[PDB]
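Below is one structure, written out as structure tokens; the observations come after it.
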Amino acid sequence: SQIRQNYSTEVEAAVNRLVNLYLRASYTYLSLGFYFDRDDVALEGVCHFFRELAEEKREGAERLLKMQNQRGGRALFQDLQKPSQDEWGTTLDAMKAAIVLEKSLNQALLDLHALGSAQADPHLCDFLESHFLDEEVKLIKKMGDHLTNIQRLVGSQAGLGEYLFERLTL
Amino acid sequence: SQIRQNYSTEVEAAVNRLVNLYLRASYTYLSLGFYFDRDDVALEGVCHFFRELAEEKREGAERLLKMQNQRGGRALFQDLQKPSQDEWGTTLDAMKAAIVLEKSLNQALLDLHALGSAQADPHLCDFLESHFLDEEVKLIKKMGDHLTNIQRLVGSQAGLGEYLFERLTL
Amino acid sequence: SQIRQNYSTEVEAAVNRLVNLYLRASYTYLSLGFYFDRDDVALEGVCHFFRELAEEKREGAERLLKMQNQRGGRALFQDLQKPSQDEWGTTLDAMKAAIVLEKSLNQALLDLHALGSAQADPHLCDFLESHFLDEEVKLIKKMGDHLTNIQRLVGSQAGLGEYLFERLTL
Amino acid sequence: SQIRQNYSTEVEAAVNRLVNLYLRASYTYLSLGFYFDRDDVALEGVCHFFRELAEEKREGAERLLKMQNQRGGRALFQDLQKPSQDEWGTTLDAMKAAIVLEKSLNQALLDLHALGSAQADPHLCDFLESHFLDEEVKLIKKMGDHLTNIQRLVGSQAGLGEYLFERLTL
Amino acid sequence: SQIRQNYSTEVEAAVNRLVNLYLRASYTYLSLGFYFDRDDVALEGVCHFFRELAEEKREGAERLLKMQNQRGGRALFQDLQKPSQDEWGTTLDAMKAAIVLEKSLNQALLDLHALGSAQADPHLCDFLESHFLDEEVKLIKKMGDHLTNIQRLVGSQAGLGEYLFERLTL
């Protein structure tokens, strides 16, 4: 590219892989959202929590793609793997799966940051620090807060706690 | 009628029967609403849910009657059977009876649509698709969502769950 | 009932019978309204006059039911008899049937008031005097005014008078 | 056409024929409107009723033509036959001719709907149900209401009734 | 009195006794309100419910006194007995005591109405029907609704139900 400067093939490829990870996460959240909209699940606040995350992950992918083009790299898309489950269990099961998913995205961001640092690519490092690393830390903290509250609500009567958390937190 | 065109005696009669079904459903909901207003039942959100449905069903009957006259058919009214119960039990019992009632109305709409299609009456088919079929599907989905939430709230202590659902959902 | 005080079984039963009378009157007015909406009758102001009365009678039934529950009585619903006619003739015939209907409702209110007085139930007597007795007298006077005007318009050419009354009074 | 999909030559031709019918109806209404504007006829409300219908029919033709192009069919225009009369008689004669005209348009819509159904063309069927079938039913009902009122006004003194209907309904 | 007309000594005395009953009820509610404000009771919505009733009962006494003077009777005040308890137990115990209190006031109103009727004092009868009888019926119905909800919340864990009712109803 006429514009490409200080942008390694290693980072370009890692950015494409990260786009796939974010789009896969968006797909997972789409599935989680619609599962909580089933008439036999019926937890509206949980559906809305995950549908909003599906949008956030798609937006992250789009920001990565815009950056790929700003740097002169070339977007390459791969198949998007279906989500790991068809049914997602309780809100507790879903929130545990979500935190696993976000930790995996955060680890991929940290890996890319390390690659950027190894490649002496400070534009990349700034980009991740600005738009991604803090968002992930904030989201993971929120999910951990939710997991703690969901868990405190189980002990006695799980259906009651599940309803209350959806009504009063989400 | 000077205006009647492509409107079978079969559809005319079925529309009169459907008006009776909607008015009967309105009556059932009136009874459900006032039962939840009893001082020894006292669930205001449940009363309001059913009173609003009584109004919706009456409005459906009125829309059918307006259509009967637009097509040149003749409204014929029959006695309105009293509702199937005098006392309606818990919110769970009432919501189960309501879903049974709406499924019966939906089946009567589907039957009328099939008759319209057999009679090559596309105005009828459009009328039902526009003002009735989607409303029924949406309402049945809402009731199923409510039934799932009511059921999740029972397990432990039924009075507590009944209060919470009325306070926090309805 | 934990709340019931000075409320006789006789009044409770009479209130249920009165609810049936008001709902039947509402049904009669629904039928009158839709008859005047027929393309071969086509008197819009007459349809609107009766449709508004159908709503007023339903509201009266609902006020009686609310009162039944306020006093600790128990609503009991019976079948609703179909209206006395399928076709209602001229505006004059319909207005005569309406005044007969309202006089019958007024007589049932007066009977209930007499029962309340015999049962020393001043809350009932106030309730009827406040929300029902004056409304009936006002409505009967209006219908008598209409009957006089309709009758003055017949003599010559009945179709002309029927049109003029609908256009210029209703 | 590069865009044409599931659009039969039979429907394309029937749509062109229907455009001709709507434009002919518009022409008929133009003639009716100007007849009622003659100084020796002089019924302004009747002129305005028909002039508004001339505009509605032209708009229907234009909507059909837009649809023809959306589907990749080709508009073909034919001569427009002059209206069936040069003078239109009384308002009663004109309203009878109008209802005959609208019933013929409605029958052509129903025929086209049947053809669409035979051709498995649901876009066509939706298009007619949405923009045409209900409009025709509503208009025919209005004309039948008018015919009933005009007829009730004749009996006695026809000029008087004709004036009153124009003044007080139209 | 120069103004006194048709106002019996029996009614005058009964009105003074009724003022004492209303002021005593106001005192009882003052005590109930402050008990629920104790740091070891601490149910704010219950305190506010009873403090508002203390004000309503005082206002009722003041309306009776204004009426006594309008009729030319003479207000006579007696000692006000302290409330029947110093501590009021749970919200359920308090609401049961409140309904007992209101039923006693309602019975005193009904007795006074009967005396008015025996004395042929229609001004008195109107006064009670207008400002007192309906208010009592409405209040008793509300308290019965509350008692039903409190009772449904006990079964399982009484502290939890007591908190929830205060938070979500009052």
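Quick note: numbers below take in every heavy atom, side chains included, and nothing from hydrogens, waters or symmetry partners. Letters A, B, ... are given to chains in the order of the sequence lines, protein chains preceding strands, and every chain is numbered from 1.
More than 12 heavy atoms of other shown residues, nucleotides or ligands fall within 6.0 angstrom of atom CD in A:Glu59. More than 12 heavy atoms of other shown residues, nucleotides or ligands fall within 6.0 angstrom of atom CD in B:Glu10. Taking a 6.0 Å sphere around CZ of A:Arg63, one finds it holds 12 or fewer heavy atoms contributed by other residues, nucleotides or ligands. In the displayed structure, A:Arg58 atom CZ is contacted under 6.0 Å by more than 12 heavy atoms of other residues, nucleotides or ligands.
Only the side chain of B:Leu160 comes within less than 4.5 Å of a heavy atom of chain A; its backbone N, CA, C and O stay farther away.
Of residues 28-57 of chain A, those residues with a non-hydrogen atom less than 4.5 Å from any non-hydrogen atom of chain B are, in numerical order, A:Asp37, A:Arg38, A:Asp39, A:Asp40, A:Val41, A:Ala42, A:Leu43.
Taking chain A as the reference chain and counting heavy-atom pairs below 4.5 Å, the highest number among B:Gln151, B:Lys142, B:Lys141 is found for B:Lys141. For the options B:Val154, B:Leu164, B:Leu147, heavy-atom pairs under 4.5 Å to chain A are most numerous at B:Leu164.
Across all their heavy atoms, B:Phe165 and A:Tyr163 have their closest contact at CA-OH, 3.5 Å.
Under the side chain to side chain donor-acceptor pair (under 3.5 Å) criterion, A:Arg17 pairs with no residue, sequence neighbours left out.
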